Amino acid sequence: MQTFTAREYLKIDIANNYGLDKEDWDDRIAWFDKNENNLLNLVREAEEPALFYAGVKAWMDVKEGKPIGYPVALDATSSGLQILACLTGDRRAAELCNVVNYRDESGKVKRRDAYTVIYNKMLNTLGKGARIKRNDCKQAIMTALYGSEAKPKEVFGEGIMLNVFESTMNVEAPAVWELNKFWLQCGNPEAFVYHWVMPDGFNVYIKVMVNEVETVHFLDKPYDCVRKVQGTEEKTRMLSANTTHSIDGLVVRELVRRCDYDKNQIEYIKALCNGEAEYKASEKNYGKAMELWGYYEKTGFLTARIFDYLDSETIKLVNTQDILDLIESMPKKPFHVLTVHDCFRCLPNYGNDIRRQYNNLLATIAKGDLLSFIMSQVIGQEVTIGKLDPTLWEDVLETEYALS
């Protein structure tokens, strides 16, 4: 993972909003350096004029040595695919979406755009006049990865084009695609609601809501009146999306816990771990401390939320070295983070930290067993899904463009 200065993250952010967000880091900084002296005249042709302008004004304030409150933006490149690649240990899927580095023949690490890669592969094999629009394909890809079957049937028909689309996905992301296949067959036809707990204790409840259509006559012409009602259904197409979105939800909560932390709390937990804390105990802490530690054991995902429940008695049920290791992996100075589900914003002098923390979380998901842990609660019995490459997480730690 290469690092950048705070001013460089400003450069990248302004380039992004111009925007060259699919270019490599150095091409982005080179574009900036080239146009630094003319930025305000470029506002009318930037893709995001207002954010570009906010960024340019921040850069000027930084030149003058003025303090700034402006936060730069780093986006997940295909959040969903990243999470599914990590859950399944799918090295091929990982290379589509910057979970691990991809190098061209030159050997440069490239900022990959999964939708473009699969679109090219599809024209390359479909050949001979392929009647398919690039943006309609991205819609088909991203809705498919979240479990949609209706949207690919609309972009690709139900014939040979659909066949080529599914064949392409199965070579480019075999385990991701197999898992999506599997989620379809995981519904319970008797269930009114699905429930699972995330490793940081968030309880997910999905009520099963089905269409009830009352038909009505108004001037002797018919009108169908459809209202969502709680019920059951034979199949269900929702599980892949809801499970995957619950995981990006978790990544948001945990990234913010690790970045925007209370320094006085951190030092208390450090003393507590080293036997130096004044005695303090509350019986109410025990249940939650046990619950969260258990999720770590079953999943590999240790949440910094546990700091809230560690005291003189409760530290006894955890491994103090794991608690200290987590704290040591956090940024040396805390910072605020604004999040738009899979967009992340912070002051640019924390750019390096936010990317290190995102990498750590993806690597944790890749290394561990969160998928089995969640699938077991969804289907009502212990299942185990294996990693397709159990070492993928090692490469995840060092990946370059997970956030770009």
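Start at 1 with the first residue shown and count on from there.
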### Query
Do the CA atoms of 88 to 96 or those of 123 to 131 have the higher mean B-factor in the entry?
123 to 131
### Query
Which has the higher mean CA temperature factor in the PDB entry, 109 to 117 or 299 to 307?
109 to 117
#### Entry: Criterion, highest CA B-factor; candidates, 341, 44, 355, 336
44
### Message
Among the choices 346, 58, 371, 40, identify the one whose CA B-factor in the record is greatest.
### Response
40
### Message
Sorting by Cα B-factor within the chain, modelled residues only, which third would residue 230 end up in: lowest, middle or highest?
### Response
highest
### Task
Would you mind ranking residue 183 by its C-alpha B-factor against the rest of the chain and naming the third, lowest, middle or highest?
middle
#### Entry: Third of the chain's Cα B-factor distribution that residue 264 belongs to, per the entry
middle
### Query
Lowest, middle or highest third: where is residue 149 by Cα B-factor in its chain?
highest
## Note on the structure
The third of the chain into which the C-alpha temperature factor of residue 294 falls is the middle
